[PDB]
Amino acid sequence: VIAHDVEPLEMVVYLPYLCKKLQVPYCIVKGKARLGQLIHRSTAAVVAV
Amino acid sequence: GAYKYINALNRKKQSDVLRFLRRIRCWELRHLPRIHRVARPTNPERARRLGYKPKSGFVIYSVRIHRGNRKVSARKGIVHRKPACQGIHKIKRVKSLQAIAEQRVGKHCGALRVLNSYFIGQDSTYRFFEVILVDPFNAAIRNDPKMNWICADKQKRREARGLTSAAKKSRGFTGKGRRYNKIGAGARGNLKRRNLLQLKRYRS
Amino acid sequence: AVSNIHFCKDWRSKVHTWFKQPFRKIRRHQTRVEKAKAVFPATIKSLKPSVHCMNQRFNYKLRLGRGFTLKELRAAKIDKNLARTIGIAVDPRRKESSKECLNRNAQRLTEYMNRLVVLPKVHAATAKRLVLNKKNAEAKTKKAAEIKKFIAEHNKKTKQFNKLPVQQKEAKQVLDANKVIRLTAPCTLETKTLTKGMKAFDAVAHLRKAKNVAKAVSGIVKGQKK
Amino acid sequence: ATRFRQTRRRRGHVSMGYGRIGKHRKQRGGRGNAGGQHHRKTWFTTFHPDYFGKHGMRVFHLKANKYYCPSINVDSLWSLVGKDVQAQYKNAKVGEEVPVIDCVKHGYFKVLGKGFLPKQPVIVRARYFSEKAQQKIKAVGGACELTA
Amino acid sequence: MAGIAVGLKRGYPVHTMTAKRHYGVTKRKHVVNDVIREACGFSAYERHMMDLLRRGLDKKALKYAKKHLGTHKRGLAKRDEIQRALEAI
RNA sequence: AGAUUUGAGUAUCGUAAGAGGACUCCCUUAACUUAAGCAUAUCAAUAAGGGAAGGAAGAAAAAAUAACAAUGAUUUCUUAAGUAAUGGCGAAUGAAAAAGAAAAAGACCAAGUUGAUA
RNA sequence: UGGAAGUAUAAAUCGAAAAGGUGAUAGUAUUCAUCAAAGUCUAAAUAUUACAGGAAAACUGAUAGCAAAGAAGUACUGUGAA
RNA sequence: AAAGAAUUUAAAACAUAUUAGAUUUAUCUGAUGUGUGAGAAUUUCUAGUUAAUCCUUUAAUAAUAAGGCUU
């Protein structure tokens, strides 16, 4: 799961293209603060399952 | 490792993705003040390489500098010189724009130490760098055995003496050997040593 | 004679006088003495290899180098981690030039290791190494029996590392170890038996054949492509 | 010794030995080797007739160690070991033991042939040999050895 | 006794002894290169070089590459690297 | 409303400034002078102008030499050497490896890996 | 710059890598040798005519030696730098 | 056709085979193995044939280029 509002965008831009090559399912949600609440932090760039 | 992809991605600066993002960043820095603090580095891969650590006492400053060349500062372009020195245009600064920008940031923030700097972008007029600065009087920096070298007295205004990587390259310290015979341990110190006329106490 | 004198520049600011020379001796000698009093092993000017000089103008002479290669320590059965602690210079940057260099500098380390007397890390007689030597002293004697025997009869796996010579002795303080282990033995007058083949060996033709062979490689390559 | 100069003997003479018609002025034709082709051409023609010009090929970086080759003639070979050893092996021939002269050990690389050798066999060890050097060593009953 | 100081077989007789270590890359660089190339694409001169290669002007693709890279050997690698992209497509 | 990002005001504890600059590291395109004129060159990293340092500073651990019977961080001294080379090839300018000594010391980040992850 | 078909730096444009740099005559190829750039630190050997404290001298001995052997950068001059 | 002993012990580059792992990409990574590279022929000379042949660009060659020497 990749946040859409990560700044700078250069840190997660390759993740869709890397996951596309390895056939790893990936989704992009809205809010790096929403992800951070899952892991009890202010923000969270990416979360995997 | 995430940062082995960012480094590979950052080498494709002519790609559409990086060109568009640099366009937005270069536009934004054209309106903000010339020297100002940014919250986090815009190139964390390159910032981490040059010594930035996300800890207290490490700050990032953005500086905008007018790239290109400038005329020789003589009134109305009039110099009372021989035709060998009668050039006004086409003369280039010895120090790189990165070294010049590092000194402007260091002068602005006299109480911090310039660690290193890198390149953000450029346009037809400006070039934007980012300067990694360290507070030498932070308790974290003082107590770090791997970093408290920056708390030495001799490191006061590093960039103005020529100790940073950007300012050391403009001194000629980019390699070793027969190509760098005149920049052995300092270009001006080397010349003084060779020109010394040694007069021993007992001489013929 | 046509004069070439470079005094057109301000030599008066380039003049360096040596009035401090008689006081450099006193400074350096006194500091050299002070280091010896502090830790006398330190001023020993740790042992160094016997490496040839560069170029054919000097290649027959030997001079002290910097540091033994990691292969020379292995050959002499010394750990590279312990080597720096007992006054041995170590230079990982040195590529082993030849087998002769490897053997010659392996003798230098072995000879130095025999003259070495390492004091115990703790001066008390209750030190573990001194105690350990007592505990296995019985095994040393039986070990020293079989080694002394198959040596005495003869005249592929060996120890990786030897033992550090550790004991308690009087402190005979020697200021350097390079002047105890000479680089080159004194050269006597060499002398040989004259044989019929020696009289017949034509040195000049060998020199010119060796030279002319090197100058005909171009003729070989040029005629090949035709 | 400033008391032995000519200045002390010319006190009282007005011009100090420099002439009245032509004074001792600052210059006498330029500073240094000035006018090498205009008014001092007769000096350079007379005393350095090849000063101006070019000759030979440039060596951008000359490796002066590759031209190092000390030389010794045949007559001077025995001086390396001295007359004491030379007389000791004066009555030797082929079959028995003969002294070896190590020119390289003494710093001599090439052996040239000049002068006359003593009429005794000898073994000469060196890096290079002249044609006449080997002839004179062989004509006396000796052998030549290469090195390096 | 001693060798000879002239020629190919030159030098004092000794047993000279190093390894020409290859500074290479692992098998994961192929994945990294493929990932970045998809996310980035090709530059203006790489795009212009692909067009020339398609028409069969291999020499013009090398002359163009040498112009934009400055080295004959670097131009050859880019020409081969680009033509490998065409074969995959 | 709440979760973040970014930017400010205020309070607390600190930090820079100025003096000195003999020695140290640098920026800048002086001219007088020499070339028997003079315009490249020389004077010359020289003068003046400007910045930054400490009791020393600078440099320092090979993308280094060499072509050897090979060496091995930096610095300083001897020699190479008024030599290779540069130059209206004129006036003039001008190194470095080898070799001999003083002293000797090597360690880190980044990237990679470990993730009930701190 | 001694570095000569470019030794070093900078600017405009261009811009790499399944690595590569150097072997100082430009170019291509094949071998060989030797290193592994584009981040940081690091004592010792070295310099010194600021200034402070000392010791010496084939130095000067009141027109000499620092400008200054006394309330010397003082008296005095200039709008001022001096 | 004629004279010729050649110097003497601590070894790594890998050209590789053969296996133990991993990989799909211009695919790599260890270890086992032999030779290589090993040392207790070479030169001269006469008649052929082939080739090269004014010197240099300093690790070795090549075709271009450049520099030398004489006029």
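Residues numbered from 1 in each chain as written, not as in the entry; some residues may be left out. Chains lettered and ligands numbered in written order. Part of a larger assembly, values for the part shown. Heavy atoms only, no water. Residues with missing side-chain atoms left out of burial classes, pairs and counts.

Per the deposited record, the coordinates in this entry were obtained by cryo-EM to a resolution of 3 Å.

**A short note on the pattern of salt bridges**
Residue and element names in this part refer to chain C. Throughout the structure, instances matching the rule amount to 20 salt bridges over all chains. In this structure, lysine 179 and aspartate 176 form a salt bridge, with 4.0 Å as the shortest nitrogen-oxygen distance. Look at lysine 179 and you get exposed, because its relative accessible area is 66%. Judged by relative accessible area, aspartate 176 falls into the buried class, the value being 18%. (Salt bridge = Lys/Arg side-chain N within 4 Å of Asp/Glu carboxyl O. Buried < 20%, exposed > 50% of the residue type's maximum accessible area, 1.4 Å probe, protein only.)

**A closer look at the protein's contact with RNA strand H**
In the neighbourhood of RNA strand H, 33 residues make up the surrounding shell, with C:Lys99, C:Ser218, C:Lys225, E:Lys20 and E:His30 lying closest. Backbone atoms, meaning sugar and phosphate, form 74% of the atoms of RNA strand H found within 4 Å of the protein. With respect to RNA strand H, the side chain of C:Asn103 contributes an N or O atom lying 3.0 Å from a sugar or linking oxygen. Contacts to RNA strand H include D:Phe60, whose backbone N or O atom sits 3.4 Å from a base oxygen. Considering every element that reaches the surface near RNA strand H, the biggest residue donor is helix α9 (residues 217-224) of chain C, with five residues. Grouping the amino acids of the surface near RNA strand H by side-chain chemistry returns eight nonpolar, 14 polar and 11 charged. (Near = heavy atom within 4 Å. Polar contact = N/O pair within 3.5 Å; in protein donor to acceptor, adjacent residues only side chain to side chain. Helix = DSSP H or I, 4+ residues; strand = E, 2+ residues; numbered from the N terminus. Nonpolar A, V, L, I, M, F, W, Y, C, P; charged D, E, K, R; others polar.)

**A word on the interface of chain E and chain C**
With 11 residues of chain E at the interface, the matching set in chain C holds 13 residues. Note on chain E versus chain C: buried area summed over both sides is about 900 Å², and carbon and sulfur give 69% of it. Here chain E is connected to chain C by zero salt bridges. Linking chain E with chain C are two residue pairs in polar contact, by the criterion used here. Residues of the side of chain E that touches chain C, tallied by class, amount to seven nonpolar, four polar and no charged. (Contact = heavy atoms within 4.5 Å. Buried area = accessible area lost by both parts, 1.4 Å probe.)

**Focus: the interface of chain D and chain C**
At the junction of the two partners, chain D supplies 38 residues and chain C supplies 28 residues. Interface of chain D and chain C: buried area, both sides summed, is about 2900 Å²; carbon and sulfur atoms make up 54% of it. Here chain D is connected to chain C by three salt bridges. Between C:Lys192 and D:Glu145 there is a salt bridge; the shortest N-O distance is 3.3 Å.

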